[PDB]
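Beneath this line is the structure, given in structure tokens, with notes to follow.
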Amino acid sequence: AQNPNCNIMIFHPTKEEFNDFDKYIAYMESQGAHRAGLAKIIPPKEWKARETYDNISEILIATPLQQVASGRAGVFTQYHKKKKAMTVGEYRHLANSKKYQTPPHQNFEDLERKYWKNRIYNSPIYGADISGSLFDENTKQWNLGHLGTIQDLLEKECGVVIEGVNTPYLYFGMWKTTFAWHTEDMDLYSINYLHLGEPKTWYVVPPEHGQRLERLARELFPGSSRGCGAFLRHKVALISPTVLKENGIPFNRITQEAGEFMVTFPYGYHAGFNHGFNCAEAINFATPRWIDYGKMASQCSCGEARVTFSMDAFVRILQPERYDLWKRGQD
Ligand SMILES: O=C(O)CNC(=O)C(=O)O
Ligand SMILES: [Mg+2]
Ligand code: NI
Ligand SMILES: [Zn+2]
């Protein structure tokens, strides 16, 4: 069995290996990369996502989100308070202001200590989930707006044609912006490219151990757990590495820098934080190996998780027994 300790693997494809996306994902899995839940892919030196980032300031962040925390430093939830619209140039200036800017630090480990000690005492503003792409149309390799669609994969594997579309999303971050513990919708893969700016630190639980994280979360968030049998679908709960180690939960961590891709694998729980002003692009995708995870994915039916149009068909075809209850949650 490849990668039996479920370590995060880092890949350096050549330009020839960067041509065929599906084939390279399958290669990484042949080496055991999925067992970690997360992998890093460093593009060949010949590749670029676009020519420059000098002309992005006029992108609009229609609904910036202020991430307000409640709890204790290592075990907290966050809610998202909507703010007035602002441009990417306005948000960059905000991120660099004395109130929001990254503090002085020694190295990534010192900044990680500072994050976990102090996050809850601040409310950083995140531009999340903005439909769009920063890949040039002429970039032919690993262009996250030109991937094979999940609807086409389901149709290729199972024969059923379904409605829905699959497009990328932009994230504009600042120091302390936070992504809560989650797996993807329908336990899909994700791919995330850090276009510019400061790093993103990730934490991940191996898929084979995901239920250990769920059981800890039910213990740590007992009201939320009574409210919903899949409350981590709400994407609001944070647990620190120190707390995870105290409770024996297997996990790993890694820092993504500008110019690097990360892939999350089906049922790989992940969480993390941004170091300073940055911009990332991410999309969900599927492979043949996903189908069995989609059929078994938990679902939120309490009403909180509310998701895209295109998840309807995935539930309807892969989980027909759960469909009626889940759809009530959506309405
Ligand atoms: O970068 C972020 O805020 C969160 N991204 C992801 O969870 C991802 O790419 O799967
Ligand atoms: Mg612009
Ligand atoms: Ni994710
Ligand atoms: Zn719920």
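Chain lettering (A, B, ...) mirrors the order of the structure tokens, residue numbering begins at 1 for each chain separately, and ligand numbering begins at 1 in order of display.
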
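The list of residues with at least one atom within 12 Å of residue A:52, based on only C-alpha atoms and without residues fewer than 6 positions apart in the same chain, reads residues 134, 135, 136, 195 and 196 of chain A.
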
Original post:
Among stretch 96-308 of chain A, which residues carry a DSSP assignment of helix (DSSP H, G or I), reported as number ranges by chain?
Top reply: A: 108-121, 150-158, 185-187, 207-220, 222-227, 231-234, 241-246, 290-296

**OP:** Mind checking which residues fall within 6 Å of residue A:270, counting only C-alpha atoms, ignoring those fewer than 2 positions away in the same chain, and posting them as a ChimeraX atom specification?
**Re:** /A:181-182,203-204

**OP:** Select the residues contacting ligand 2 at a distance of at most 8 Å, based on only C-alpha atoms and all ligand atoms, then format the selection as a PyMOL selection string.
**Re:** chain A and resi 55-59+88

Just N, CA and C atoms for this one: save the residues we selected as a compact mmCIF listing (two decimals), in the first residue's frame.
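Output file result-v5.txt is given in full below:
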# COMPACT_ATOMS: atom_id res chain seq x y z
N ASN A 55 -3.57 44.22 -13.48
CA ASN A 55 -4.80 44.82 -13.93
C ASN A 55 -6.10 44.21 -13.26
N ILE A 56 -5.93 43.73 -12.00
CA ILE A 56 -7.07 43.07 -11.30
C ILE A 56 -7.79 43.92 -10.31
N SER A 57 -7.43 45.19 -10.13
CA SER A 57 -7.95 46.01 -9.05
C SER A 57 -9.39 46.41 -9.11
N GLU A 58 -9.94 46.34 -10.35
CA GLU A 58 -11.29 46.67 -10.58
C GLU A 58 -12.33 45.56 -10.48
N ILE A 59 -11.86 44.34 -10.24
CA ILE A 59 -12.77 43.24 -9.87
C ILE A 59 -13.60 43.66 -8.65
N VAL A 88 -11.33 45.03 -5.56
CA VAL A 88 -10.11 44.34 -5.16
C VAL A 88 -9.06 45.37 -4.74

**OP:** Identify which of the residues A:278, A:287, A:201, A:122 lies closest to residue A:67, counting only C-alpha atoms when measuring atom-to-atom distances.
**Re:** A:122

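Environment of ligand 1, defined as every protein or nucleic acid residue with an atom within 6 Å of it and counting only C-alpha atoms and all ligand atoms, comprises residues 179, 190, 191, 192 and 282 of chain A.
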
Original post:
If you run DSSP on this backbone, which residues of stretch 162-295 of chain A come out as strand (DSSP E), and could you give them as a ChimeraX atom specification?
Top reply: /A:169-173,178-182,189-197,200-205,237-239,252-256,261-264,269-274,278-285

Subject >> At most 9 Å from ligand 4 (only C-alpha atoms and all ligand atoms): residue list as number ranges by chain >> reply: A: 224-225, 227-234, 299-306, 329

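You can rank A:294, A:44, A:173, A:37 by their closest distance to ligand 3 using only C-alpha atoms and all ligand atoms, and at the top of that list sits A:37.
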
Subject >> Expected selection as an MDAnalysis selection string for ligand 3 within 12 Å, only C-alpha atoms and all ligand atoms >> reply: chainID A and resid 37:38 128:129 169 171 178:192 202:204 232:233 235 262:273 280:285

Would you put the residues from that selection into a file with C-alpha atoms, as a PDB file, in the first residue's frame?
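See again_31.pdb below for the written result:
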ATOM      1  CA  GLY A  37      -6.467  14.051   1.870  1.00  0.00           C
ATOM      2  CA  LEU A  38      -4.314  16.825   0.312  1.00  0.00           C
ATOM      3  CA  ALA A 128     -15.041  34.564  -0.891  1.00  0.00           C
ATOM      4  CA  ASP A 129     -16.841  32.550  -3.357  1.00  0.00           C
ATOM      5  CA  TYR A 169     -14.480  30.718  -7.754  1.00  0.00           C
ATOM      6  CA  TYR A 171     -11.056  34.136  -3.020  1.00  0.00           C
ATOM      7  CA  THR A 178     -10.145  31.411   7.935  1.00  0.00           C
ATOM      8  CA  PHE A 179     -11.571  28.353   6.228  1.00  0.00           C
ATOM      9  CA  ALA A 180     -13.453  26.128   8.632  1.00  0.00           C
ATOM     10  CA  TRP A 181     -13.181  22.330   8.866  1.00  0.00           C
ATOM     11  CA  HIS A 182     -15.090  20.744   5.944  1.00  0.00           C
ATOM     12  CA  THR A 183     -15.122  18.268   3.129  1.00  0.00           C
ATOM     13  CA  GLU A 184     -16.325  19.346  -0.330  1.00  0.00           C
ATOM     14  CA  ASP A 185     -19.968  19.260  -1.436  1.00  0.00           C
ATOM     15  CA  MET A 186     -20.835  15.590  -2.169  1.00  0.00           C
ATOM     16  CA  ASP A 187     -17.276  14.724  -0.970  1.00  0.00           C
ATOM     17  CA  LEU A 188     -15.862  15.935  -4.359  1.00  0.00           C
ATOM     18  CA  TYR A 189     -12.249  16.758  -5.071  1.00  0.00           C
ATOM     19  CA  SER A 190     -11.126  20.344  -5.061  1.00  0.00           C
ATOM     20  CA  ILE A 191      -8.202  22.104  -6.728  1.00  0.00           C
ATOM     21  CA  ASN A 192      -6.928  25.477  -5.524  1.00  0.00           C
ATOM     22  CA  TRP A 202      -3.705  24.080   5.409  1.00  0.00           C
ATOM     23  CA  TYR A 203      -4.576  21.344   7.856  1.00  0.00           C
ATOM     24  CA  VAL A 204      -6.021  18.006   6.676  1.00  0.00           C
ATOM     25  CA  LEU A 232     -19.598  20.432   9.557  1.00  0.00           C
ATOM     26  CA  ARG A 233     -21.388  21.039   6.222  1.00  0.00           C
ATOM     27  CA  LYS A 235     -18.526  25.353   7.397  1.00  0.00           C
ATOM     28  CA  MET A 262      -3.291  22.140  -3.905  1.00  0.00           C
ATOM     29  CA  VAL A 263      -5.630  19.214  -4.509  1.00  0.00           C
ATOM     30  CA  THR A 264      -8.046  17.987  -1.880  1.00  0.00           C
ATOM     31  CA  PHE A 265      -9.294  14.414  -2.246  1.00  0.00           C
ATOM     32  CA  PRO A 266     -12.764  12.937  -1.585  1.00  0.00           C
ATOM     33  CA  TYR A 267     -13.708  12.986   2.088  1.00  0.00           C
ATOM     34  CA  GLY A 268     -10.420  14.790   3.099  1.00  0.00           C
ATOM     35  CA  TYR A 269     -11.448  17.205   5.858  1.00  0.00           C
ATOM     36  CA  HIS A 270      -9.446  20.437   5.641  1.00  0.00           C
ATOM     37  CA  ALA A 271      -9.191  23.860   7.322  1.00  0.00           C
ATOM     38  CA  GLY A 272      -6.712  26.737   7.210  1.00  0.00           C
ATOM     39  CA  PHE A 273      -5.854  30.403   7.188  1.00  0.00           C
ATOM     40  CA  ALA A 280      -6.774  32.087  -4.843  1.00  0.00           C
ATOM     41  CA  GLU A 281      -8.948  30.314  -7.448  1.00  0.00           C
ATOM     42  CA  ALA A 282     -10.635  26.980  -6.752  1.00  0.00           C
ATOM     43  CA  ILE A 283     -13.113  24.553  -8.322  1.00  0.00           C
ATOM     44  CA  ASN A 284     -14.567  21.146  -7.571  1.00  0.00           C
ATOM     45  CA  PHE A 285     -13.924  18.155  -9.866  1.00  0.00           C
TER      46      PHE A 285
END

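Between atom CA of residue A:1 and atom CA of residue A:211 the separation is 21.2 Å.
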
Subject >> Distance of atom CA of residue A:200 from atom CA of residue A:219, expressed in Å to one decimal place >> reply: 27.9 Å

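Nearest to residue A:158 of all the residues A:317, A:12, A:331, A:63 is A:317, based on only C-alpha atoms.
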
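Close contacts of stretch 247-260 of chain A, defined as residues with an atom at most 8 Å away when counting only C-alpha atoms, with chain neighbours fewer than 6 positions off set aside, comprise residues 7, 8, 36, 40, 41, 42, 43, 193, 194, 195, 196, 197, 198, 199, 200, 201, 202, 203, 204, 205, 206, 209, 212, 213 and 216 of chain A.
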
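If only C-alpha atoms are the atoms counted, then among A:237, A:318, A:286, A:28 the closest residue to residue A:69 is A:237.
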
Subject >> Which residue of A:19, A:70, A:97, A:308 approaches residue A:131 most closely, using only C-alpha atoms >> reply: A:308

Original post:
Which residue, A:20, A:108, A:175, A:289, has the smallest gap to residue A:148 when you use only C-alpha atoms?
Top reply: A:20

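The spacing separating atom CA of residue A:314 from atom CA of residue A:167 amounts to 15.8 Å.
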